[PDB]
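>>> based on what follows, work out the 3D shape:
(3 chains, ligands or ions: 4)
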Amino acid sequence: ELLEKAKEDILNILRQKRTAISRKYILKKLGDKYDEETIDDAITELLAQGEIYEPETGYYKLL
Amino acid sequence: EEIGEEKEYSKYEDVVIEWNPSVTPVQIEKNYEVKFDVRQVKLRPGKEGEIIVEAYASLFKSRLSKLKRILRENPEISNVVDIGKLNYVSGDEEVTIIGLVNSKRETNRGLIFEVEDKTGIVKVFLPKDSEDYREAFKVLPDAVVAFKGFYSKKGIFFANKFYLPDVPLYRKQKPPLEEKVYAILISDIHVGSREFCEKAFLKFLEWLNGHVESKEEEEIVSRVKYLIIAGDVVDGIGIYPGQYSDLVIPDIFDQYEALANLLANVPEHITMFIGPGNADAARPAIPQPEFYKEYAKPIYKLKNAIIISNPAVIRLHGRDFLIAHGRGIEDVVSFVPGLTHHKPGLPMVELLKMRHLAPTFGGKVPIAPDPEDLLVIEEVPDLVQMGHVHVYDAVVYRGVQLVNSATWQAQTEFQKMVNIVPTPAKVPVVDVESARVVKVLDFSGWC
Amino acid sequence: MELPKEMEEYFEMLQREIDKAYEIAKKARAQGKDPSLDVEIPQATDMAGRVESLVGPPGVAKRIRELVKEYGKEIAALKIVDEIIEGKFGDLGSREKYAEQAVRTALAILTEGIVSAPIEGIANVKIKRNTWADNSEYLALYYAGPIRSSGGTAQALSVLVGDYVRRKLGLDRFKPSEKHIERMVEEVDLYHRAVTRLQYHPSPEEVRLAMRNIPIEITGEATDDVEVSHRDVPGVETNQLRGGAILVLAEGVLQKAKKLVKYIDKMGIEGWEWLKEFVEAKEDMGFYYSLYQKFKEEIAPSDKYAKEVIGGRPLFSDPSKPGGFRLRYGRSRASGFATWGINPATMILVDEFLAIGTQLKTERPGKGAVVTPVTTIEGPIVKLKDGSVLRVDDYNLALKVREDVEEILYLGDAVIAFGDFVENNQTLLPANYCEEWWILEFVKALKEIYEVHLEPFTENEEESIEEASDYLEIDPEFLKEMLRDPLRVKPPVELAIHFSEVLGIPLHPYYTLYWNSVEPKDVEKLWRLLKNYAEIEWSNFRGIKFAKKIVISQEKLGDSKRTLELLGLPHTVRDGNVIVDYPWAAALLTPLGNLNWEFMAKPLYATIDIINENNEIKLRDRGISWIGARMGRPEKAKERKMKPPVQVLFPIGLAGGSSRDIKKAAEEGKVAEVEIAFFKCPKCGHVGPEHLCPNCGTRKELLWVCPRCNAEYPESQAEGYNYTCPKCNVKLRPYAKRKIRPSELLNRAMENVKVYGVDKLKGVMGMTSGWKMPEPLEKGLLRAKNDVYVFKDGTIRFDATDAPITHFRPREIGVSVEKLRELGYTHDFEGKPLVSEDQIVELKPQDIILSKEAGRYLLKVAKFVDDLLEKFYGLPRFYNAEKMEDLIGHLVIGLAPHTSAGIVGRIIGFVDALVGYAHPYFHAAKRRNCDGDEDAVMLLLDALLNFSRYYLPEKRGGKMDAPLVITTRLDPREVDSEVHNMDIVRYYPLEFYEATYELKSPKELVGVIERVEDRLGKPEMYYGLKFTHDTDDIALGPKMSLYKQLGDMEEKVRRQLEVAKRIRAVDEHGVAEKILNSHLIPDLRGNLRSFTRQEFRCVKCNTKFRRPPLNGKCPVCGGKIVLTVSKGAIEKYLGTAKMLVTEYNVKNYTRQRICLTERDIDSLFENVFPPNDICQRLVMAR
Ligand SMILES: [Fe+3]
Ligand SMILES: [Zn+2]
Ligand SMILES: [Zn+2]
Ligand SMILES: [Zn+2]
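Residues are numbered from 1 along each chain as shown, chains lettered A, B, ... in the order given. Ligands and ions are numbered 1, 2, ... in the order given. Below is the structure:
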């Protein structure tokens, strides 16, 4: 369920700021709340679902 | 000085005034001759400044010679000696000096002058008790006068009389005329201005054509053969800063064309004499030979018009008419107190009894460089006409009649700034046999 | 006050130098060779001391100092007046004396003791009675000529003080008749018509309203010889026109009514209701379409500056027309007070009509301004002779491509400060888009998105820079350099586009073209042309497609090439093709979406609105606001000479000739009868104009003469006899008409100072002072040897234009860091130690930067002073200067022509321009601003040695422009009101820029931008001032104007009209008519009128005759008589007028006037001197 919460947080971050967001900012903001492996897992599940897409490497935006 | 956008105006191109069949003109032969005209004289033939100075010197020497010749005609003048020869004669012998006037000073016991002739300069003292003290009180500078008195070795000429070149007290009566002929004098039309009276001028043109209300006026119109204009026929351009906003026709060619269109309704049997003025397209200084032909052509082609100079002398049935624009009246008023505008006859009397149209130099009348002086009244006339004052008046002095034609322009702002109240639309009527004004017409009610 | 350590040390060092000068000055004067035995320039340190030493009464300084801190300097004047009336400062005598003293002291306190109004402007104070009305007493104030240069604010305060004094003395009001009011109404209009154009011309109703209520009379003595219609008015002694009184009435109470109302309200004066009442009675659509309309309605074009055009002074921009001067808000290092800042490239491309220090007649903010080079701002855009378009932002590029310039599409930028808008109460104009706005948007976007805090123009922390660089994937060094200097460091186009896409900010202002200068239909046609007939090369940058090159044929483009020129797009013409280069192809094709969406014109929309409606990257307007200007009064830097040059103040009469040469009179051995004072030796009885006896060596005593009996009395007897002759009972005089032998005096002086090789020595025809004391001839000999000149008081002066400066670099003024450390400078403006010549150092209040010409003249003056000290006084030398660089660290005195108080400065460097650089506080202390004013500098020791009160003219105005008291400390609280509006912030905030679009008055933004006024009282008003725009060099650009190399009028007019033709925002046809109506026709007509009413002159003598002599020669001399107004004067301007009429399209009125003038000039001279042309065609058409 922690993965689902992480996915919800990742979705919340991108909605508030309607622009492309770097990966480093997401990693820092999520930070101690979830370890890096879970962050990457959430990112790959979101890209598999198709909610978000990456224009460039290291940059993600809402889709 | 800012000039705005163009405007559309009229040139009086559709004005036609006909002749009444009731008035049948009387058949009178015409006797008009131009006795004097500036363009009739021929002037006799190197740094520019030297030639200009010589021209001015010759001008003043010619004035002195002519006015001396006029003075010597008085029988009471005798034993005239030159100023440079004053030391030869004794200190108790009566002598008479003739010369120009340089400076006049009023002291507590008399008048002190500085009189200059071609040979020297002397200082004169006129005692207060002298009978001819008021005449010396009004003499303008640059006028030729005479003094009669003794000379002291101290260097002062103590005079007891003062003379001026005047009009003789007696003149022979001219022979009569078989038929009666009238003449009309007008001036200062100022065509092209905002204050120009149009309806008054149209009513005037309808008066010359036989539309009259009274039988006596019907008698007068049938006997009119001459019309004379003296100066300011058009308003001009560039006279003073702020004139474009005060113009209806702001172009010189169309101004003269409009004047020609208005004047074409003058009846055929009437002959017109037109002369230049201050505002017209002519010479900046007086005397003025004529209008510029290339600018004032439309008034040259009228079949009953004669262009004359400023000044000129016209002989009508044996009677001499002196016609000048009359800018020298302003210099008299400034000098002598008690003579103001609205009574321009008295300054005219002063100018006539000095026998010079514009004596003072460096005042407010410009004098052109010329080897000979042409503003001297060489022969006593029968009638003198002037303008430039915009107020009507007429006086008689020793058999001559002096008339100041009025204006056709209403009160401008510049006049109400300096407090001059003009009299518009007044026309003198003169009789050739007597050279006197018999009636004054009033068209001022219309505009 | 408790100042920091640096400021107190600086002031103490200045005081030590002043004391060092004063010691030598005191030693020299005590020998007895001079008019007095003590130095005649006292020193004061505040307003109270100056007031005590200028107008008195004695003992007032302590009371002023006590009362100022308690009430606030406006109630203090009233308290001082009350105390003086009560007699606390002694018994003055009659009531008139009390009134005069009180009025002078109060006006001096309110004016701060600098302006010479209380000394010379006010002549008398008298009591008079209303004989016609009620026989009641009233107070009257008499004014002199000097009141005309005392300023508007000093004139009204005089009326206020007079009213208060008359109220305190228990007097009554002034009750005028109708004749008085009518005479005043006539007099004001007559003065305006005849002698001088008043700046503010009141209506007759306003004049009557003022005359009906002012409780005190405003009269004076006659200044001009012009008569008036209303004459013999009771209570007025002169029939001639009075100038000072009417200028006071027109300019103090009426023009400056609001300031007087404010003073009345703050002080508490009652009875001034009418002035307050008079003051209060006196006062479906696109975004940019609406903004333009509202701007046009609320702010209207002003054409007052362009009314008059003078030949040789060009017009650079039409009123509020695109293509003129762009408006940029800011303040440079060397501008801000009233000074504009322009790029030096603009100066070159206008044919150097503009040089550093040239005055400009400006439209919007104020009336006048001075130019100063700024390199950071943009420059002109030009079109070459082969069709290419270039951008010129460098001095070298302008120097290189000047000869190939065909059209100036845009002039450039102007830097105008916010303080000027506050001072002139000018409504804010919409701001153009610039780099400082963009950087603020950049940092705000970073803060909102990534929560990283950065500050422009400063040094940010390293970790924040690294974090931002990681987020944005750019080089941290580049980001640091861009944030530190956003004006000079700009990103490439691909970074600008990436920033716009990622961060959401608009496009960089550098890459934005003038899109709103073309109608949407032109862009619509250009879109199809580019889509069909253009070949474009593309490139990719991080997934963003941008153009690289555009090539299109000229024949297919057609008339769309003008759209590119109006857009300001650089391009070249080659082989019949138009090529657009790298950075500008992207600038043109990116705001259009790379031709993906079609551009269609629609009503009630602008180009930028259509772009922003359907494009991802937004833009902002770059050319919304424009300002026009005109040239006047070129820069000045030159020494001062009296109208005939004078080297010694010694009377010679006509014995020396026109040049008044004492040496020439000495060679011929002439005897001159002049009016001079002598002295008598107590022991041997020698009588001579010198002070020390040539035989004994003892000081002599002045001789007083009786005008009737001609008796000589020494000083002791004259003092004992109370300066009255016992026999005649008449007042004695110190001077008499006497005969002297110049040869003996000159030989004795030459033997005295061992100077023999002098060829010329010029004096004066007659002394003006009442004492008529002559200056020693040895001083004149030394001045002639060193080639220097003397003023009326006895000093040597240098006059130059004044410009402001606050920060400087050592390399600009040619001074090493070691010399600066010796001068007291230790840190730069950011707080770091001074180690390099490229750093920026703040300028101390009383340090000045001179010019090369000033140094060259002051070196001669220093040599003269050293020679004087060594030979005349027998004292060691002081300056010991061999080059102008040896004057660094020495002291001068600044003085203004309309004041009588000086301020001490110190030299620290030199520049090549013809200006005088100083702190704004320094110029404010002389009551001047930097909009074309000229001030004077003189060496301190020379003034101390040579200045004497005995040399001053007797008539009113002789104490004006003289160092009666100098000031040794500078206090910003008591300098001037204008400097308090100056802004001292480093950068303007976003609120200002966003508030510009709402067209707000500047008073609503005073709390946002810090100004000098907010620091008054605190120790922070002496240091910490800052600037917005930097500059590479303050003396870069042309030095001398082109107006000084042109002699003939025709050449002037030709160059002026060429400049008018080149500039796109100037109508040359309109300029052609302005010259004819303002400079040429008036002169022609005036000369033609004056020719026939002139005077005549002789060549040997100078006699004037009102009519030519008959014989053609001078009656006395026999010499030649010559004209005064010649034919050359009439015809000097005819050819130029004919050229203007024949070439340019002017109105018919002017053509006919010029043709008639030609005909009149030709016709006037007919008797004396017996083809496709404009006149012939004009007269042949009709
Ligand atoms: Fe007239
Ligand atoms: Zn002695
Ligand atoms: Zn005496
Ligand atoms: Zn002479």
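>>> what's residue C:786 in contact with, if anything?
C:860, C:861, C:863, C:864, C:867 (C-beta atoms under 8 Å, 6 or more residues apart in numbering or on different chains). Backbone N, C-alpha and C define where each C-beta goes, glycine included.
>>> 7 Å instead?
Counting by C-beta atoms under 7 Å, 6 or more residues apart in numbering or on different chains, residue C:786 touches C:860, C:863, C:864, C:867.
>>> could you do residue B:120 as well?
Applying C-beta under 7 Å, 6+ apart to residue B:120 gives the contacts B:83, B:84.
>>> now do 8 Å
Contacts of residue B:120 by C-beta under 8 Å, 6+ apart are B:82, B:83, B:84, B:86.
>>> quick check: which of the residues you listed are also close to ligand 2?
Among the contacts of residue B:120, not one lies near ligand 2 by C-beta under 5 Å from the ion.
>>> circling back: TSV for the contacts of residue C:786, including neighbour count?
Below are the contacts of residue C:786 laid out as TSV (neighbours: other C-beta atoms under 10 Å in any protein chain shown):
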residue	neighbour count
C:860	15
C:863	19
C:864	22
C:867	18
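>>> ligand 4 next: which of those are close?
Within those, nothing lies near ligand 4 by C-beta under 5 Å from the ion.
>>> ok, residue C:843 - contacts?
Residue C:843 touches C:805, C:806, C:807, C:808, C:919, counting by C-beta under 8 Å, 6+ apart.
>>> ok, residue C:420 next?
C:338, C:365, C:366, C:426, C:981.
>>> what's the burial count for the second one?
Under the neighbour criterion other C-beta atoms under 10 Å in any protein chain shown, residue C:365 is assigned a count of 21.
>>> same question, the last one
Neighbour count for residue C:981, taken as other C-beta under 10 Å: 20.
>>> from chain A, how far out is it?
Distance, residue C:981 to chain A, by C-beta to the nearest C-beta, to the nearest Å: 42 Å.
>>> so which residues of the stretch 1-150 of chain C form strands?
C:43-44, C:122-129, C:137-143 (DSSP state E, counting those that start in this stretch).
>>> now the ones you listed in TSV, with distance to residue B:229?
Formatted as TSV, these follow (distance: least, C-beta to C-beta, whole Å):
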stretch	distance to residue B:229
strand C:43-44	78
strand C:122-129	59
strand C:137-143	55
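>>> just name the most buried of the ones you listed.
Stretch with highest mean neighbour count among these: strand C:137-143 (a mean of 22; mean count of other C-beta atoms under 10 Å in any protein chain shown).
>>> could you point out which element follows it?
Where DSSP states H and E defines the elements, the next helix or strand beyond strand C:137-143 is helix C:152-168.
>>> output the contacting helices and strands for that next one.
helix C:75-86, helix C:95-111, strand C:137-143, helix C:244-248, helix C:257-267 (3 or more C-beta pairs under 8 Å, 6 or more residues apart in numbering or on different chains; DSSP states H and E).
>>> try 10 Å this time
Where contact means 3 or more C-beta pairs under 10 Å, 6 or more residues apart in numbering or on different chains; DSSP states H and E, helix C:152-168 is packed against helix C:75-86, helix C:95-111, strand C:122-129, strand C:137-143, strand C:217-220, helix C:244-248, helix C:257-267.
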